């Protein structure tokens, strides 16, 4: 009762293109085989897929995920550091987006009235939107 590529895609909500990709870089290869070849993914493949999705969610790259998955347990300490790292990346990003939003809402209020703007003048203003 293995799955066709298209079935697996629907099941794990991944595009077929993304599956061919993961299979290609050897991050997730379908486990089954009939005769005359043929793909076919299994229920164990789904867990690994879900595993991959769990770590992308946390911000890890295919490289790290590959490393992680190639193990049963990855020892807390080192792992928490890994995840805590991704956390700092997120926090830094959270602060960055907050500012960008503020800069744009600001720029809008400043230029809404203008039918046209000098591209340069509209940059110098956005630039002075830092100390």
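Positions refer to the first chain, counted from 1.
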Mean temperature factor over C-alpha atoms, higher-scoring stretch between 4 to 12 and 122 to 130: 122 to 130
Using only the Cα atoms and their B-factors as the entry lists them, report which of 31 to 39 and 82 to 90 averages higher. 31 to 39
Report the option among 62, 98, 74, 49 whose CA atom has the maximum B-factor in the deposited record. 74
Taking the C-alpha B-factors as the PDB entry records them, is residue 67 in the lowest, middle or highest third of its chain? highest
